[PDB]
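Asker: If you scroll down you'll find the structure; I have some questions about it.
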Amino acid sequence: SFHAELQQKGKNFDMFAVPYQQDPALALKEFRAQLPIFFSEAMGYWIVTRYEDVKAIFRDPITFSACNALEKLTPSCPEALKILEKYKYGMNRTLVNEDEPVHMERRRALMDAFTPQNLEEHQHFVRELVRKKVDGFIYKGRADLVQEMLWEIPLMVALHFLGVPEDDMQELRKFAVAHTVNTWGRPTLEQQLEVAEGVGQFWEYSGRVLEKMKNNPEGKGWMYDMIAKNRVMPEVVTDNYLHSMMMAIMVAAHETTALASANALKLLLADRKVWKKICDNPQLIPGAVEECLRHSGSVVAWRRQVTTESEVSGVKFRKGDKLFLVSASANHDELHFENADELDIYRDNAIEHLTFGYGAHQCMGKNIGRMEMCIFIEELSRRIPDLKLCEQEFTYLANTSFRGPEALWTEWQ
Ligand code: HEM
Ligand SMILES: N[C@@H](Cc1c[nH]c[nH+]1)C(=O)O
């Protein structure tokens, strides 16, 4: 009844319980082995643990649609619903959760200033930021890299990539917390109202921003591109999409990059053999970043909704079934990555990982994310080669999909 026990554990599988929150891929290890797809009543979702299954679902966006990708995990308590009503909150489809025949692709296909030229100049900008930030703290014995640079720089880069004027960054930061906890977390009774207020204000803020940018067609930045495309094809790049993407993209353009950068530095600073290999051969850094993204990426689980009945590896899904694609688990799938739990900085197929998704909705900013992670690690390993982690407890914001340590305490000469 060891398998019987596994089925009960799967029925009860709670992503907010300790094992998932300690290590999502490790918590699903038995399931990769003997119960790869199972339904959790604890959270109303199918759980998909294996590399081939997760990829297969990503590959078919007509059967498995992205509509729930930004859907609020736990239902809003009624008094939260009217806080949102006060702000006339209207978040609907952006890109990552748009569903369509081409309306997803039409909108995607018609919005590229991810050209390498444009990313090249943003790279220069990232490098100036990281040089000056560590100019500030290099003199200290210790620092928490998160608070010195790891969230602030990706945020600034994002604002700059978008056409969005910097202002209160601690305010922008808590806006992002409210959006992610609301969506992917399980806020307690006390917080649900505050989070709703925060989410509502976030919506209102993005409104005022989009309105000012609408009025400055001089502007350059990705949001100015959308605004422009909306004037030409308001069918496709819709006004609600503008407002919805504003708020969604103002978290997504930086938060996963900051979490991932903290994960990578945590990983590499702990394997001293790996770190001096990085210190001695910065050529290895991109391939190392890719192995970090596979091993401990910042997105650990993404979501799909089933639109017609279907089956994957012997399990049939009903129209309306919700699926968790646990990409952390797929990236530790022994069936696809040999010694999957090990940090091998030239695993030759590290890039086959699924942290960026696969197929239609595959992350458009993956190279911005990669670029920021390399510069962080290059700068740090170049100028502080004796960098080491301090003894510390690591804490994680409890949610289903995003993962990175809140602090990264670290010391040197
Ligand atoms: C380490 C950093 C990042 C990670 C792990 C990440 C992860 C993801 C994932 C899992 C998806 C969904 C993939 C799928 O459904 O197949 C996605 C889509 C997307 N990402 Fe990211 N992301 C990161 C950084 C960024 C940045 C910096 C930007 C923009 C500046 C960005 C923009 C987008 C967009 C627009 C989409 C939607 C594209 C579409 O729906 O077709 N991401 N990302
Ligand atoms: N919010 C997630 C995924 C996403 C939202 N919008 C586009 N992609 C991220 O930051 O990676």
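Each chain in the structure tokens gets a letter, A, B, ..., in the order shown, and its residues are numbered from 1; ligands are numbered from 1 in order too.
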Do you know which residues are within 7 Å of ligand 2 using only C-alpha atoms and all ligand atoms? Can you write them as a list in words?
Answerer: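 Counting only C-alpha atoms and all ligand atoms, the residues within 7 Å of ligand 2 come out as residues 95, 96, 248, 249, 251, 252, 253, 254, 255, 256, 299 and 363 of chain A.
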Asker: Write a file of the just-selected residues containing N, CA and C atoms, as an mmCIF file, in the first residue's frame.
Answerer:
```cif
data_model
loop_
_atom_site.group_PDB
_atom_site.id
_atom_site.type_symbol
_atom_site.label_atom_id
_atom_site.label_comp_id
_atom_site.auth_asym_id
_atom_site.auth_seq_id
_atom_site.Cartn_x
_atom_site.Cartn_y
_atom_site.Cartn_z
ATOM 1 N N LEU A 95 -0.716 38.949 -22.734
ATOM 2 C CA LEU A 95 -0.124 37.991 -23.655
ATOM 3 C C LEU A 95 -0.063 36.594 -23.064
ATOM 4 N N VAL A 96 0.402 36.471 -21.817
ATOM 5 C CA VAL A 96 0.744 35.156 -21.284
ATOM 6 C C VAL A 96 -0.509 34.333 -21.054
ATOM 7 N N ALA A 248 0.295 43.801 -15.499
ATOM 8 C CA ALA A 248 0.935 42.495 -15.465
ATOM 9 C C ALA A 248 2.419 42.605 -15.817
ATOM 10 N N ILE A 249 2.736 43.357 -16.875
ATOM 11 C CA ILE A 249 4.118 43.406 -17.342
ATOM 12 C C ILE A 249 5.001 44.175 -16.358
ATOM 13 N N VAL A 251 5.132 43.734 -13.299
ATOM 14 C CA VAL A 251 5.681 42.760 -12.379
ATOM 15 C C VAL A 251 6.547 41.743 -13.109
ATOM 16 N N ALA A 252 6.073 41.257 -14.262
ATOM 17 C CA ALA A 252 6.738 40.171 -14.968
ATOM 18 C C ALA A 252 8.072 40.587 -15.603
ATOM 19 N N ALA A 253 8.239 41.863 -15.971
ATOM 20 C CA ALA A 253 9.479 42.294 -16.607
ATOM 21 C C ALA A 253 10.661 42.365 -15.646
ATOM 22 N N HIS A 254 10.480 42.039 -14.369
ATOM 23 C CA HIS A 254 11.624 42.156 -13.480
ATOM 24 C C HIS A 254 11.604 41.141 -12.345
ATOM 25 N N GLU A 255 10.424 40.820 -11.810
ATOM 26 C CA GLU A 255 10.376 40.030 -10.581
ATOM 27 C C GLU A 255 10.975 38.637 -10.767
ATOM 28 N N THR A 256 10.662 37.958 -11.875
ATOM 29 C CA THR A 256 11.252 36.639 -12.090
ATOM 30 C C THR A 256 12.763 36.724 -12.336
ATOM 31 N N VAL A 299 10.489 30.524 -11.898
ATOM 32 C CA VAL A 299 9.164 29.950 -12.100
ATOM 33 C C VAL A 299 9.265 28.444 -11.880
ATOM 34 N N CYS A 363 8.583 32.405 -23.015
ATOM 35 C CA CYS A 363 8.853 33.721 -22.460
ATOM 36 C C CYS A 363 9.528 34.650 -23.470
#
```
Asker: Kindly assemble as a tab-separated table a list of the chain A residues that lie within 8 Å of ligand 1, each paired with its nearest atom pair and their distance in Å to one decimal, using only C-alpha atoms and all ligand atoms, sorted first by chain and then by ascending residue number.
Answerer:
```
residue	atom	partner	partner_atom_place_in_ligand_line	distance
A:58	CA	ligand 1	16 (O)	5.8
A:66	CA	ligand 1	15 (O)	6.8
A:69	CA	ligand 1	15 (O)	7.8
A:94	CA	ligand 1	40 (O)	7.6
A:95	CA	ligand 1	40 (O)	4.0
A:96	CA	ligand 1	40 (O)	3.1
A:97	CA	ligand 1	40 (O)	6.3
A:98	CA	ligand 1	40 (O)	6.8
A:104	CA	ligand 1	41 (O)	6.8
A:105	CA	ligand 1	41 (O)	7.1
A:108	CA	ligand 1	41 (O)	6.0
A:154	CA	ligand 1	27 (C)	7.9
A:158	CA	ligand 1	30 (C)	6.1
A:161	CA	ligand 1	30 (C)	7.0
A:162	CA	ligand 1	30 (C)	7.7
A:249	CA	ligand 1	29 (C)	6.8
A:252	CA	ligand 1	42 (N)	5.6
A:253	CA	ligand 1	30 (C)	3.6
A:254	CA	ligand 1	27 (C)	5.1
A:255	CA	ligand 1	2 (C)	7.4
A:256	CA	ligand 1	2 (C)	4.3
A:257	CA	ligand 1	2 (C)	3.9
A:258	CA	ligand 1	1 (C)	7.3
A:259	CA	ligand 1	1 (C)	7.2
A:260	CA	ligand 1	1 (C)	5.0
A:261	CA	ligand 1	1 (C)	7.4
A:293	CA	ligand 1	1 (C)	7.2
A:297	CA	ligand 1	5 (C)	6.1
A:298	CA	ligand 1	5 (C)	5.1
A:299	CA	ligand 1	5 (C)	4.9
A:301	CA	ligand 1	10 (C)	7.8
A:302	CA	ligand 1	10 (C)	6.2
A:303	CA	ligand 1	15 (O)	7.9
A:354	CA	ligand 1	10 (C)	7.4
A:355	CA	ligand 1	5 (C)	5.2
A:356	CA	ligand 1	10 (C)	4.3
A:357	CA	ligand 1	16 (O)	3.4
A:358	CA	ligand 1	16 (O)	4.4
A:359	CA	ligand 1	16 (O)	5.7
A:360	CA	ligand 1	41 (O)	5.6
A:361	CA	ligand 1	41 (O)	3.2
A:362	CA	ligand 1	16 (O)	3.8
A:363	CA	ligand 1	18 (C)	3.4
A:364	CA	ligand 1	33 (C)	4.5
A:365	CA	ligand 1	28 (C)	3.6
A:366	CA	ligand 1	24 (C)	5.3
A:367	CA	ligand 1	27 (C)	7.8
A:368	CA	ligand 1	27 (C)	5.3
A:369	CA	ligand 1	2 (C)	4.6
A:370	CA	ligand 1	1 (C)	6.9
```
Asker: Do a neighbour search on region 113-122 of chain A at 10 Å with only C-alpha atoms, toss out local chain neighbours closer than 2 positions, and write the hits as a list in words.
Answerer: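 Those residues are residues 110, 111, 124, 125, 126, 127, 128, 157, 158, 160, 161, 221, 222, 225, 364, 365, 367, 368, 371 and 372 of chain A.
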Asker: Store the residues picked out above in a file with N, CA, C and O atoms, as an mmCIF file, in the first residue's frame.
Answerer:
```cif
data_model
loop_
_atom_site.group_PDB
_atom_site.id
_atom_site.type_symbol
_atom_site.label_atom_id
_atom_site.label_comp_id
_atom_site.auth_asym_id
_atom_site.auth_seq_id
_atom_site.Cartn_x
_atom_site.Cartn_y
_atom_site.Cartn_z
ATOM 1 N N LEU A 110 2.969 40.841 -33.698
ATOM 2 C CA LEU A 110 3.038 42.250 -34.037
ATOM 3 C C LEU A 110 3.606 43.095 -32.897
ATOM 4 O O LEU A 110 3.312 44.292 -32.813
ATOM 5 N N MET A 111 4.465 42.518 -32.033
ATOM 6 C CA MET A 111 5.054 43.409 -31.016
ATOM 7 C C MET A 111 6.484 43.004 -30.624
ATOM 8 O O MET A 111 6.731 42.559 -29.507
ATOM 9 N N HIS A 124 24.238 47.329 -22.061
ATOM 10 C CA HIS A 124 25.116 48.395 -21.588
ATOM 11 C C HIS A 124 24.557 49.025 -20.326
ATOM 12 O O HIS A 124 25.291 49.295 -19.368
ATOM 13 N N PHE A 125 23.242 49.266 -20.315
ATOM 14 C CA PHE A 125 22.609 49.949 -19.192
ATOM 15 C C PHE A 125 22.652 49.087 -17.940
ATOM 16 O O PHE A 125 22.954 49.584 -16.845
ATOM 17 N N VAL A 126 22.358 47.790 -18.087
ATOM 18 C CA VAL A 126 22.493 46.860 -16.973
ATOM 19 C C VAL A 126 23.910 46.897 -16.418
ATOM 20 O O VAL A 126 24.112 46.930 -15.199
ATOM 21 N N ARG A 127 24.916 46.912 -17.293
ATOM 22 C CA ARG A 127 26.287 46.834 -16.797
ATOM 23 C C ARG A 127 26.681 48.081 -16.018
ATOM 24 O O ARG A 127 27.407 47.986 -15.023
ATOM 25 N N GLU A 128 26.223 49.257 -16.449
ATOM 26 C CA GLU A 128 26.487 50.464 -15.670
ATOM 27 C C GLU A 128 25.855 50.365 -14.290
ATOM 28 O O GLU A 128 26.478 50.725 -13.284
ATOM 29 N N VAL A 157 15.791 48.277 -14.778
ATOM 30 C CA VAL A 157 15.922 47.836 -16.161
ATOM 31 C C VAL A 157 14.536 47.698 -16.795
ATOM 32 O O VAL A 157 14.277 48.214 -17.898
ATOM 33 N N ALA A 158 13.606 47.059 -16.069
ATOM 34 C CA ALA A 158 12.252 46.860 -16.584
ATOM 35 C C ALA A 158 11.581 48.187 -16.928
ATOM 36 O O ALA A 158 11.134 48.396 -18.064
ATOM 37 N N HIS A 160 12.869 50.895 -17.589
ATOM 38 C CA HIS A 160 13.550 51.494 -18.733
ATOM 39 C C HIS A 160 13.215 50.772 -20.029
ATOM 40 O O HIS A 160 13.012 51.418 -21.060
ATOM 41 N N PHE A 161 13.159 49.443 -19.998
ATOM 42 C CA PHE A 161 12.738 48.698 -21.177
ATOM 43 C C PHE A 161 11.320 49.082 -21.592
ATOM 44 O O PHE A 161 11.059 49.348 -22.769
ATOM 45 N N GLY A 221 9.963 52.806 -25.662
ATOM 46 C CA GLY A 221 9.844 51.735 -24.688
ATOM 47 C C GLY A 221 8.785 50.774 -25.182
ATOM 48 O O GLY A 221 7.939 51.107 -26.009
ATOM 49 N N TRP A 222 8.819 49.555 -24.650
ATOM 50 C CA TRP A 222 7.905 48.534 -25.154
ATOM 51 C C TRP A 222 6.438 48.940 -24.990
ATOM 52 O O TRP A 222 5.610 48.662 -25.870
ATOM 53 N N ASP A 225 5.406 51.049 -27.700
ATOM 54 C CA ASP A 225 5.150 50.265 -28.902
ATOM 55 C C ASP A 225 3.714 49.755 -28.915
ATOM 56 O O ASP A 225 2.999 49.902 -29.914
ATOM 57 N N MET A 364 8.923 35.816 -23.694
ATOM 58 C CA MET A 364 9.490 36.754 -24.658
ATOM 59 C C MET A 364 10.715 37.480 -24.124
ATOM 60 O O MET A 364 11.519 37.973 -24.923
ATOM 61 N N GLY A 365 10.877 37.541 -22.804
ATOM 62 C CA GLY A 365 11.957 38.297 -22.205
ATOM 63 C C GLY A 365 13.058 37.396 -21.681
ATOM 64 O O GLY A 365 13.909 37.848 -20.896
ATOM 65 N N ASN A 367 15.757 36.398 -22.905
ATOM 66 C CA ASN A 367 17.138 36.844 -23.055
ATOM 67 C C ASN A 367 17.447 38.072 -22.218
ATOM 68 O O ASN A 367 18.596 38.264 -21.830
ATOM 69 N N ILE A 368 16.462 38.905 -21.914
ATOM 70 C CA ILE A 368 16.701 39.964 -20.941
ATOM 71 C C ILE A 368 17.026 39.347 -19.586
ATOM 72 O O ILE A 368 18.005 39.722 -18.927
ATOM 73 N N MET A 371 20.567 37.858 -19.743
ATOM 74 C CA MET A 371 21.543 38.933 -19.767
ATOM 75 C C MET A 371 21.747 39.513 -18.373
ATOM 76 O O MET A 371 22.883 39.724 -17.951
ATOM 77 N N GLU A 372 20.664 39.758 -17.617
ATOM 78 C CA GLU A 372 20.853 40.376 -16.305
ATOM 79 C C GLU A 372 21.539 39.415 -15.345
ATOM 80 O O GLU A 372 22.386 39.832 -14.551
#
```
Asker: Pick the closest to residue 150 (chain A) from A:40, A:401, A:263, A:339: which is it, counting only C-alpha atoms?
Answerer: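 Of A:40, A:401, A:263, A:339, the one nearest residue 150 (chain A) is A:263, counting only C-alpha atoms.
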Asker: Identify, on the basis of only C-alpha atoms, every residue whose closest approach to residue 336 (chain A) does not exceed 8 Å; exclude the query and any residue fewer than 3 positions from it along the same chain; express the result as a ChimeraX atom specification.
Answerer: /A:51,333,340
Asker: Give me the residues near residue 377 (chain A) as a PyMOL selection string, where near means some atom within 12 Å (using only C-alpha atoms) and where sequence neighbours in that chain fewer than 2 positions away do not count.
Answerer: chain A and resi 127+130-131+134+145+149-150+260-269+275-276+278-279+281-286+288-289+292+370-375+379-385+387
Asker: Atoms to include: C-alpha atoms. Write the selected residues as a short mmCIF file (atom, residue, chain, number, x, y, z; two decimals), in the first residue's frame.
Answerer:
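Dumped everything to out19.cif:
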```cif
data_model
loop_
_atom_site.label_atom_id
_atom_site.label_comp_id
_atom_site.auth_asym_id
_atom_site.auth_seq_id
_atom_site.Cartn_x
_atom_site.Cartn_y
_atom_site.Cartn_z
CA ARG A 127 26.29 46.83 -16.80
CA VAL A 130 25.67 46.71 -11.56
CA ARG A 131 29.06 48.43 -11.61
CA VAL A 134 28.65 47.15 -6.13
CA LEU A 145 22.66 41.19 -2.20
CA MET A 149 21.01 45.25 -6.01
CA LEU A 150 19.11 42.07 -6.80
CA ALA A 260 16.25 33.85 -10.59
CA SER A 261 19.41 35.95 -10.01
CA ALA A 262 19.19 35.29 -6.30
CA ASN A 263 18.69 31.56 -6.92
CA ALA A 264 21.68 31.39 -9.24
CA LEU A 265 24.03 33.24 -6.89
CA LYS A 266 22.79 31.10 -3.99
CA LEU A 267 23.50 27.95 -6.03
CA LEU A 268 26.93 28.95 -7.35
CA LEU A 269 28.20 30.59 -4.14
CA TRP A 275 32.47 29.28 -8.13
CA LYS A 276 36.21 29.42 -8.74
CA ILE A 278 33.32 30.75 -12.74
CA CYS A 279 35.92 33.12 -11.26
CA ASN A 281 36.50 31.11 -16.55
CA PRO A 282 33.73 33.70 -16.96
CA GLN A 283 33.17 32.21 -20.44
CA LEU A 284 31.29 29.54 -18.47
CA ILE A 285 28.81 32.00 -16.97
CA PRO A 286 26.03 31.80 -19.64
CA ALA A 288 26.08 28.21 -15.79
CA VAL A 289 23.11 30.61 -15.83
CA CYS A 292 20.73 27.51 -12.69
CA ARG A 370 19.64 35.75 -19.05
CA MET A 371 21.54 38.93 -19.77
CA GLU A 372 20.85 40.38 -16.30
CA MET A 373 21.88 37.14 -14.57
CA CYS A 374 25.23 36.94 -16.42
CA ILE A 375 26.19 40.56 -15.66
CA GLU A 379 30.57 41.53 -11.91
CA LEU A 380 30.48 39.72 -8.57
CA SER A 381 32.86 36.89 -9.48
CA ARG A 382 35.24 39.34 -11.13
CA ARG A 383 35.53 41.81 -8.28
CA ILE A 384 34.75 39.65 -5.24
CA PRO A 385 36.17 36.19 -6.06
CA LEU A 387 32.44 35.86 -2.17
#
```
Asker: With region 10-23 of chain A as the partner and 12 Å as the cut-off, tabulate the residues of region 233-351 of chain A that qualify, each row holding the nearest pair of atoms and their distance in Å to one decimal, using only C-alpha atoms, sorted by chain and rising number, as a Markdown table.
Answerer:
```
| residue | atom | partner | partner_atom | distance |
| --- | --- | --- | --- | --- |
| A:295 | CA | A:23 | CA | 11.0 |
| A:296 | CA | A:23 | CA | 9.3 |
| A:297 | CA | A:23 | CA | 11.6 |
| A:300 | CA | A:23 | CA | 9.8 |
| A:301 | CA | A:15 | CA | 10.1 |
| A:324 | CA | A:15 | CA | 10.5 |
| A:326 | CA | A:15 | CA | 10.6 |
| A:328 | CA | A:23 | CA | 9.1 |
| A:329 | CA | A:23 | CA | 9.7 |
| A:332 | CA | A:23 | CA | 11.2 |
| A:341 | CA | A:23 | CA | 11.1 |
```
Asker: Next, dump the selected residues to file, keeping only N, CA and C atoms, as a PDB file, in the first residue's frame.
Answerer:
```pdb
ATOM      1  N   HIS A 295      17.939  24.236 -12.778  1.00  0.00           N
ATOM      2  CA  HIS A 295      18.027  23.551 -11.496  1.00  0.00           C
ATOM      3  C   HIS A 295      17.151  24.217 -10.442  1.00  0.00           C
ATOM      4  N   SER A 296      17.230  25.541 -10.363  1.00  0.00           N
ATOM      5  CA  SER A 296      16.495  26.353  -9.395  1.00  0.00           C
ATOM      6  C   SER A 296      16.043  27.637 -10.083  1.00  0.00           C
ATOM      7  N   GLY A 297      15.168  27.468 -11.075  1.00  0.00           N
ATOM      8  CA  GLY A 297      14.566  28.608 -11.733  1.00  0.00           C
ATOM      9  C   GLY A 297      13.577  29.346 -10.839  1.00  0.00           C
ATOM     10  N   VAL A 300       8.541  27.940 -10.886  1.00  0.00           N
ATOM     11  CA  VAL A 300       8.569  26.523 -10.539  1.00  0.00           C
ATOM     12  C   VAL A 300       7.302  25.788 -10.944  1.00  0.00           C
ATOM     13  N   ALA A 301       6.218  26.502 -11.271  1.00  0.00           N
ATOM     14  CA  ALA A 301       4.955  25.889 -11.677  1.00  0.00           C
ATOM     15  C   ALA A 301       4.130  26.913 -12.445  1.00  0.00           C
ATOM     16  N   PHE A 324      -1.653  22.192 -13.090  1.00  0.00           N
ATOM     17  CA  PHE A 324      -0.362  22.756 -12.698  1.00  0.00           C
ATOM     18  C   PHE A 324       0.733  22.032 -13.464  1.00  0.00           C
ATOM     19  N   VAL A 326       4.307  21.577 -13.315  1.00  0.00           N
ATOM     20  CA  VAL A 326       5.342  21.870 -12.310  1.00  0.00           C
ATOM     21  C   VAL A 326       6.705  21.788 -12.995  1.00  0.00           C
ATOM     22  N   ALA A 328       9.634  23.100 -12.279  1.00  0.00           N
ATOM     23  CA  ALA A 328      10.715  22.665 -11.398  1.00  0.00           C
ATOM     24  C   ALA A 328      10.831  21.145 -11.382  1.00  0.00           C
ATOM     25  N   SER A 329       9.694  20.447 -11.341  1.00  0.00           N
ATOM     26  CA  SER A 329       9.702  18.991 -11.328  1.00  0.00           C
ATOM     27  C   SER A 329      10.185  18.437 -12.656  1.00  0.00           C
ATOM     28  N   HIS A 332      13.813  18.490 -13.068  1.00  0.00           N
ATOM     29  CA  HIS A 332      14.529  17.495 -12.287  1.00  0.00           C
ATOM     30  C   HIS A 332      14.111  16.084 -12.665  1.00  0.00           C
ATOM     31  N   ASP A 341      19.311  16.169 -10.095  1.00  0.00           N
ATOM     32  CA  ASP A 341      19.368  17.046  -8.933  1.00  0.00           C
ATOM     33  C   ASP A 341      20.733  17.694  -8.750  1.00  0.00           C
TER      34      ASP A 341
END
```
Asker: Counting only C-alpha atoms, which of A:70, A:312, A:247, A:146 gets nearest to residue 37 (chain A)?
Answerer: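 The shortest atom-to-atom distance to residue 37 (chain A) comes from A:312.
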Asker: Skip region 205-209 of chain A itself and residues of its chain fewer than 2 positions away, then list as a PyMOL selection string all residues within 10 Å of it, counting only C-alpha atoms.
Answerer: chain A and resi 163-165+172+175+199-203+211-215+242-248+250
